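# Residue-level structural notes
So you can see what is in the structure, the chains are spelled out below.
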4 protein chains.
Amino acid sequence: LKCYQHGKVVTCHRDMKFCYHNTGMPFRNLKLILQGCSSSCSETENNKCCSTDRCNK
Amino acid sequence: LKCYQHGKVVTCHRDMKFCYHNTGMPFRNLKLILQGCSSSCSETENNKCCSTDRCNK
Amino acid sequence: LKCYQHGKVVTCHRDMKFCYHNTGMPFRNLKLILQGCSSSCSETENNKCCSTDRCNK
Amino acid sequence: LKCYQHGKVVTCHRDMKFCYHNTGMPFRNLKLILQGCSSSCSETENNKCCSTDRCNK
């Protein structure tokens, strides 16, 4: 599995079967972009995970 | 002063005479972007601040 | 003004008349803590700012 | 596997064989605490991962 990771395509570790994309906004000026290989999403996070190469945006 | 703040334009409080845009990566899969109104940046990152409306593109 | 900034005490720039301590959790496994000198907080989070040395414990 | 997750002990998903602890400091006022279940650490992150219940701090 290969996933996008902030301008790089990285190869996932054998135990990372998913690519992931999510964003966070904890403070008015602060945005977080979580992008990369990952393990399984939460139930709440169901669509933040994808299983195909380079699928994470 | 007005500044960009993650897709919107916000009006700054009186004591905030700067627009800021700083981009970090504290972990490989996590990017952080500070964008909004601000007080003065430090000298080391002096250019991270600008002082005109919508300057922090 | 002096404020706590993640285990240290820093002197604030002239235009920063507040100490701030805000704690967020944009993802379940990720906590974010803002602690340092600051300009004025918003009304909605008015109490997140204080105005005396080392007030932002 | 059970790991600490910001004041909670959570049960890891079958594909999360590790607990994880790390911190990030991308900006002078900003500290990040990454704590929870995880998949395998990077090579650079070798000691941020642990394999026993509640081992992540």
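### What about the sheet that holds strand β4 (residues 30–38) of chain B?
Across the sheet, which stays open at both edges, the six strands sit in the order β5(A)-β3(A)-β4(A)-β4(B)-β3(B)-β5(B) with antiparallel pairing between neighbours. The open sheet has two edge strands, β5 (49–50) of chain A together with β5 (49–50) of chain B, and neither has a second partner.

### So, the interface of chain B and chain A
Tallying the contact residues gives 14 residues for chain B and twelve residues for chain A. With both chains or domains summed, chain B and chain A bury close to 1200 Å², and 55% of this area falls on carbon and sulfur atoms. Seen at the junction of chain B and chain A, the total is zero salt bridges. Between chain B and chain A we count ten residue pairs in polar contact in total. It is β4(B) that contributes the most residues to the side of chain B that touches chain A, eight residues altogether.

### Focus on the side chain of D15(C)
Along the polypeptide, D15(C) turns up in the loop between β2 (9–11) and β3 (18–27). Not counting chain neighbours up to four residues away, the residues in contact with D15(C) comprise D15(B), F18(B), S39(B) and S40(B).

### Points about the relation of the copies chain C and chain D
Here two copies of a chain appear, and what relates them is a rotation about an axis with a shift along it. Once chain C is rotated about the relating axis by 179° and shifted along it by 0.1 Å, it coincides with chain D to within an RMSD of 0.4 Å. Put plainly, the chains are arranged around a two-fold axis. Minimal C-alpha separation from the rotation axis in chain C is found for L32(C), amounting to 2.2 Å. A shared binding surface is used by both copies, with 86% of the interface residues of chain C retained as interface residues in chain D.

### A closer look at the relation of the copies chain B and chain A
Expressed as a screw transformation, the operator carrying chain B onto chain A has a rotation angle of 179° and an axial translation of 0.1 Å, and the superposed copies differ by an RMSD of 0.4 Å. Here 86% of the interface residues in chain B have copies in chain A that are interface residues too; the copies meet face to matching face.

### Some words on the sheet that holds strand β3 (residues 18–27) of chain D
The sheet built from six strands is open, its strands ordered β5(C)-β3(C)-β4(C)-β4(D)-β3(D)-β5(D) with antiparallel pairing. If you trace the sheet from one side to the other, it starts and ends with β5 (49–50) of chain C together with β5 (49–50) of chain D, each paired once. Relative to strand β4 (residues 30–38) of chain D, β3(D) is paired through eight bridges, and the arrangement is antiparallel. Its bridge partner lying in β4(D), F18(D) is registered against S38(D).

### Quick look at the interface of chain C and chain D
Accessible area lost upon the coming together of the parts is a frequently used measure of interface size. Chain C puts 14 residues into the contact, and the matching count from chain D is twelve residues. When the two sides are added together, the surface that chain C and chain D hide from each other amounts to roughly 1200 Å², 54% of it contributed by carbon and sulfur. In this structure, the connection of chain C to chain D is made through zero salt bridges. By residue number, the principal contributor to the side of chain C that touches chain D is strand β4 (residues 30–38) of chain C, which donates eight residues. Among the residues forming the side of chain C that touches chain D, the class breakdown is seven nonpolar, five polar and two charged. Note: β4(C) against β4(D), five bridges, orientation antiparallel.

What counts, and where the lines are drawn
Residues numbered from 1 in each chain as written, not as in the entry; some residues may be left out. Chains lettered and ligands numbered in written order. Heavy atoms only, no water. Pairing = 2+ DSSP bridges. Helix = DSSP H or I, 4+ residues; strand = E, 2+ residues; numbered from the N terminus. Contact = heavy atoms within 4.5 Å. Buried area = accessible area lost by both parts, 1.4 Å probe. Salt bridge = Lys/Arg side-chain N within 4 Å of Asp/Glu carboxyl O. Polar contact = N/O pair within 3.5 Å; in protein donor to acceptor, adjacent residues only side chain to side chain. Least-squares fit on C-alpha atoms. Nonpolar A, V, L, I, M, F, W, Y, C, P; charged D, E, K, R; others polar.

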